[PDB]
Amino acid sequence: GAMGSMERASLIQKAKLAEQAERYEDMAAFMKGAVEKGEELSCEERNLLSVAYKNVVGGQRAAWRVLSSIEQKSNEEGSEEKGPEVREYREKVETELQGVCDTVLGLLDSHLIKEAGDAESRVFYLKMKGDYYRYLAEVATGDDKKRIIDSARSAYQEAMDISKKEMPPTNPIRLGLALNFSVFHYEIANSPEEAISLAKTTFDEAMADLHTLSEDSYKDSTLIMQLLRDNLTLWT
């Protein structure tokens, strides 16, 4: 790896600089290099890894959606044929997106998940596994779409089981996991009722636990609860 010669601490320092400069591809490469040093990641370092790849794949997903929409219009009745270029370029972006997801999933499998023993780290990584399989599912169309969907579901489910046993209902990781699993149900699994049920139960159980929190933790938890509410308003 091109980062093999750089100190772990220097990679983390440069990831933070890249974030400030909005150089998210650089940030992801730095954090990949840090993971490949083989040591476990701290809470702050896990966040840096997530921020970097979220922004990289986020741009790819937005581009894929633009191109997919153009491609679908080109396949309507009365649409003048324009050749293979739209499909080709959508496939190009799709392949790069799949490559980023495979990279993240590879880091989780070698060997972040197996070393993660604490609930906070294990749930974080399993949520990430579900998220990146979900992004693969957004673009999947062939024989393996069902298996990709089940891989996302399985990761989210293991994360949910741990989070419910080991974390308070206001924990921001637990909340973000449930938010994302609910989006999976609605947008990927064709299960809108399950999505709505999960969002509502998650919100209500967090509401009942807010009284235990400091002002700062209260702000962290309510921010994610508002996203659950926003989705419920969209879906009902």
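Just so we're on the same page, rigid core means the largest C-alpha set that superposes within 1.5 Å between forms. All residue numbers are counted from 1 along the displayed sequence.
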(request) Between 205-213 and 32-40, report the one with more C-alpha displacement in 9 other deposited structures of this protein relative to this form after a rigid core superposition. (result) 205-213
(request) Could you say which moves further from this form in 9 other deposited structures of this protein, stretch 218-226 or stretch 13-21, by root mean square CA distance after aligning on the core? (result) 218-226
(request) Note whether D131 lacks coordinates in a third or more of the other compared entries that model its flanking residues. (result) no
(request) May I ask whether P84 is missing from the deposited models in at least a third of the other compared entries? (result) no
(request) Determine, for stretches 66-74 and 163-171, which one has the higher mean CA B-factor as deposited. (result) 66-74
(request) Identify the stretch, either 6-14 or 217-225, whose C-alpha atoms have the larger mean B-factor according to the entry. (result) 217-225
(message) Among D143, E91, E85, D102, where is the Cα B factor highest in this entry?
(response) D143
(message) Maximum C-alpha temperature factor per the entry, among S42, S50, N180, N190, belongs to which one?
(response) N190
(request) Just say lowest, middle or highest third for the CA B-factor of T202 relative to the other modelled residues in its chain. (result) middle
(request) Could you say whether, by C-alpha temperature factor, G106 belongs to the lowest, middle or highest third of its chain? (result) middle
(message) Where does the C-alpha B-factor of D118 rank in its chain, lowest, middle or highest third?
(response) highest
(message) Using the temperature factors of the C-alpha atoms in this entry, rank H211 within its chain: lowest, middle or highest third.
(response) highest
(message) When the deposited Cα B-factors of this chain's modelled residues are ordered and cut into thirds, is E22 in the lowest, the middle or the highest one?
(response) highest
